[PDB]
Each structure stands twice: as structure tokens, then as C-alpha cells.
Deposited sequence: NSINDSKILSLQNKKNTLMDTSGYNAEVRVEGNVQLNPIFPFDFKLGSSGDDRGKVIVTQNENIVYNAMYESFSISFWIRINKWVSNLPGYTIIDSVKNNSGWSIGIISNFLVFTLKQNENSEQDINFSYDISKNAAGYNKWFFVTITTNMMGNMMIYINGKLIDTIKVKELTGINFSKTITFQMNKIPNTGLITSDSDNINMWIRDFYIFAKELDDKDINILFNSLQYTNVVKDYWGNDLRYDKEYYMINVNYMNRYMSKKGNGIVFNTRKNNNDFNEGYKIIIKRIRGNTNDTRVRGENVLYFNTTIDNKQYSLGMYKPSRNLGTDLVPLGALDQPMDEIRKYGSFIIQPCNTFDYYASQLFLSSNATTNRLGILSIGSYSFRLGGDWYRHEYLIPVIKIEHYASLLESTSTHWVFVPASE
């Protein structure tokens, strides 16, 4: 397909960063550079120590490396940890030789790709993440795709979505044969960076192009946690609804209630849930596509599993509340299991959960969310409780509702 246009393929093979395009670029790793042994085999970089990691990719004098003067695209999965709003300027991927070439940096909540024509002239497009939607920082994995046409346009994409574009100005420039991955601070406080699958194509990839590459680099059937990593079973998490990201889980009576977080910059409140497998792959602990599973939570020091309970009063038709119950394994089998389904969007890594019939893939309803006025626990009067509620047997209306999207943030 388009793989032909590749002239750089910085991947980790056998615990060793190398070029796999077939052009044999020189890849040197200096300092503290950590390589991930499992998928996505990313390499971690820091901005802390006197020996903070560094990766140097040097392209020989090959001719193919000149298709860069016409059309060329850059793509790579990247993750910046604790990429907070007031982050100070940094350079992460520099490819400027003598005030010429290209560079990639992050300032506050901006990801900027620059194109230095010379020590003076130089353009740049960017991506600035919606801060209001990322209080705890934009710390999730996101795919970047920068397409540059020296006679055409200079565009930047995020998770296959076009975010910015500008007309390339027609002065002369000179691209370098060296790219350096390192977090150099422009002239907690330590931030980390994970890079994975760094490509440079000798053509302008188009929207269609970009997205086929975007998906091909993912195991889309594998549900992902909030930060874009693989969701795993037997691991603690804070479960949260996309529409109520400022809420944490608590307990009242049988119900799980959602209360407003006191900490809006971190996830460290309320009870955690542990996902248990029933039906799925046994090679690993990764939560997949149509896995049947259930939810465990430890409240006081007692163990519960999320399950349906009879409400103090009829809250609505085909509406039955989800709470923390202490039930036997066979009761969970009949109506306490869920069929998960990955559900990702540009904004977040989530999932939809369908009530399972007898621990099978047969769906009986969808897990949504709502606020109801009723009695819980030992209440004398009714109260306003925001609860996770299941829409049983007629939920075609919620299938496209963002209120059915749930994320998992590792409570590690």
C-alpha cells in the first residue's frame, strides 16, 4: 500500500531501537532510555537527570532522503506524563542542523511542529488540547501525523483528525540527516515521554492514508484504560462515566453513589473496582472485545461485586440501579456479569458495558447513568443520588449516548 513511501521506521526489536525501513539509519541510545519489552514496545524518555535519555537517528547520505524536499509525512504514537496546562517549553524531537530543518516541541498545552527555513524565516502549526477536559493533565497516548508539502500545505493530525493547516511559504530550506529524541528544556517537576513507531514517509499522506495507518497500529479489540494503555483484569481502577468525570464512587445502602471530587487535578478518591474475567483470552490479563466479566470492589474491608438491587421506589421503566452487593458466584452468573465493548473517540478511551444473560454474550441491557430522588440505606426522606443505572431490555436509545461511556483510571 503506502508502506512503499517509508524511509524511516524507528521501532524496538529484540530490546534494541533500530530502523526497519530497510535503509539502515544509525540509531544510538545514550543515557537513561527505557525500552518496553511488551506491546507497544515504546521507549521512555525523561527530563530529569544529568543523563536523561537520548536517542539519535542518523540517516546516511542516501538519495531517497531527499524526497523530503517535495512531500513527506511524520507519524508516531506519543505520551507525555503529567503534560499539565502550565508546562514550560520543551523540545522533544529536534531535526534542525544549522538553523534549518524541522523540530517538534511542547509549550503549555501545545504540541508544535516547526519548519525552520533559516535562522529567520520559519513556520509552524500545532495542537493545543482542550484544557477544561483534561484537568489531571493530557496524560494519555495520542497518535500524531504531520504531513508537509514543500509546494503545498503543512498540516498536523491528532488520532487521524485534522487539527491545523497552513500554506507552506516558496523560500529555500535544507533538511538535516539527524533527528534527536530528547527532552531539552527551552532556556513534581520531572516529566516523562514514551515514543512508539516513529515513521517518516516520502509522500504527503492524505486523510484516508493517515487513518488506515492510525488503526493498523492498534489492537482495537483490546479495551484501553483512560491513558490509552491496555485495560487489564485483576487490577485496581477508579471507574468513571464520561459525562461525570468530576465524580468518584461511594456507598450508601446497597447503592453506589457518585460524589463530587475534592481533588480536581488527580484521581485519588473513593472506592476502586477490580475487573474479573469470566470469558476471554487466557494468554494474558488484557480485557478484550466481547469478554464477559464482572466487577469487584472493597468498601470497608469487606468484598462486594457490583450488581442490581431493588430501588426504594420505581425510578423509571426498565431502569434498575447498580450497587455494591455481597452476592454468591451463581447470582453474579445470572445477572451480575457484563459484556464489555471498546468505545474510543478523539476525546477519550472508554467502553460500553452491557448486562449479560447468564455470563454469556447475550445482552439484556446497557449500563448508563442517572440522577434520581429516592431513599437509600436508612434514609427517612428521599435524596438526590447520582447513580449508575442499567437500562434493561429496551436500551436502543442509549446506545449512542455518551452517558454509556465508562473509563478506567488505574488507581495503581
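Residues 1, 171, 190-197, 423 of the deposited sequence have no C-alpha coordinates in the model.
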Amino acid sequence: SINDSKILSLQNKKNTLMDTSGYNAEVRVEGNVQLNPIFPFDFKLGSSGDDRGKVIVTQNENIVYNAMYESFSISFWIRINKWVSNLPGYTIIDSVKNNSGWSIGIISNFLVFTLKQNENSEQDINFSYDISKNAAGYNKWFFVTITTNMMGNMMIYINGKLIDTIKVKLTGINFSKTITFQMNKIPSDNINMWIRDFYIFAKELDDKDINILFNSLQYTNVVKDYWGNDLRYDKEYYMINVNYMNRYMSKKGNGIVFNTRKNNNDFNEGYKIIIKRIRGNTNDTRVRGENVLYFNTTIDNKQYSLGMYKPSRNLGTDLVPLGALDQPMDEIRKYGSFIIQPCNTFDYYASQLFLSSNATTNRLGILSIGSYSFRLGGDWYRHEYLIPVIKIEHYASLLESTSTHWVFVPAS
From here on, numbers count along this sequence of modelled residues.
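Higher mean CA temperature factor between 47-55 and 350-358: 47-55, per the PDB entry. Between 262-270 and 231-239, it is 262-270 that carries the larger average Cα temperature factor according to the deposited entry.
Residues shown: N120, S132, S250, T220. Highest C-alpha temperature factor in the entry: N120. Taking the PDB entry at face value, the top CA B factor among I387, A67, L364, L376 belongs to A67. In this PDB entry, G289 carries a Cα temperature factor that places it within the middle third of its chain's modelled residues. Per-chain ranking of the deposited C-alpha B factor places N36 in the middle third. Ranked against the other modelled residues of its chain, the C-alpha B-factor of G323 as given in the entry falls in the lowest third. Annotation for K334: C-alpha temperature factor in the middle third relative to the rest of the modelled chain, per the entry.
In this PDB entry, the Cα temperature factor of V96 sits in the top third of its chain's modelled residues, the highest group.
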